[PDB]
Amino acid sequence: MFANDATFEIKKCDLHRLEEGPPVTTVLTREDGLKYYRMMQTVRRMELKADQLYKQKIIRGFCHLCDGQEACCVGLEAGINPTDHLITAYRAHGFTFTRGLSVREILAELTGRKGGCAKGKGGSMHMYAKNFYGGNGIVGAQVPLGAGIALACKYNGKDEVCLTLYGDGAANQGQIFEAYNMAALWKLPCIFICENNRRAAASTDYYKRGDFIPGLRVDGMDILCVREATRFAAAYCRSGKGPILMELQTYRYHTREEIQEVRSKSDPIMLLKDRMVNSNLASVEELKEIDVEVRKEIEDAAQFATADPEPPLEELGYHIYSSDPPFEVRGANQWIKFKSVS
């Protein structure tokens, strides 16, 4: 017999240009915390397999992992509806999954196979899903993209919001400020999330770079603060008050020892695991066995993803333009013609 729900303290946010921030106390239901664990574990295991498929060279080109950051994508997806929008830079395996796609299609696009979510045309950086505007290879390019998805929101008035993410590397992009200004100016429901997984900036207070836009600093290893500060920021935006910065302080696992003392004293899966255990929300065996289901999940997908045939050559030209009649595309020399269908 397990509790149904418990109550924890989450760290308190720092504020900038805000009166009151998200509550320091929250409720985790049993059946919920069970769902957040299976998601965190899946993203973790997923990236582990990616990383392994990638020292083996089945995965070519870029391969950015987000293991260590699972509190971020799962907790964010905890705080928003499926009808809200999210767009990120290239570290997007976690978000592709929380936003709908299956570990099957994600791994198969990583190994560039026909079964992949973009038919193997995209690779690791460009994956799209229902309301997910992908990862974009160009640093900060997605922030004005996000501001625009936000503008569309207001434009249809459905009280949907936009999570527009960028890491601390991209926090000095000129475009970013160009979007802070318009966002405030047009009061766009855009939440500008800065993933700060820890020189380059003259100022490392990121939640404040917005300047005239209010921001909050959140702890990104606690799935609960993330969900909290997200529901808070969603609230704020939907109430028509315009844009907000939210610095998610986090840590990507990929000296290699600073990487260590940050894992025992705060994997973000271990934290949620200890909470559930210490408050009778779940048993250590329950969780240990969800791992076994997740590990077998990822194993079968990975298997499909290395077996799956490459796309056919004759489709190299497809999907250039949308809704057009078929046409030909020139290849390496003029005698090479590739059909292109929308």
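Rigid core here is just the name for the largest C-alpha set that superposes within 1.5 Å across the two forms. The numbering used is simple: start at 1 and walk along the sequence shown.
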Determine, for 139 to 147 and 255 to 263, which one has C-alphas that on average lie farther from this form in 6 other deposited structures of this protein; superpose on the rigid core first. 255 to 263
Residue 238 to residue 239: deposited residues without atomic coordinates: none
Where residue 114 meets residue 115 in the shown sequence, the number of deposited residues left unmodelled: none
Given 96 to 104 and 255 to 263, the range whose Cα B-factors average higher in the PDB entry: 255 to 263
Hey, what third does residue 195 fall into on Cα B-factor, ranked over its chain? highest
Chain thirds by Cα B factor, record data; residue 91 belongs to the highest
Quick check on the deposited entry: does the C-alpha B-factor of residue 62 sit in the lowest, middle or highest third of its chain? middle
Tell me, lowest, middle or highest third: where does the Cα B factor of residue 277 rank within its chain? middle
Going by what the PDB entry lists, where does residue 85 fall on CA B-factor within its chain: lowest, middle or highest third? lowest
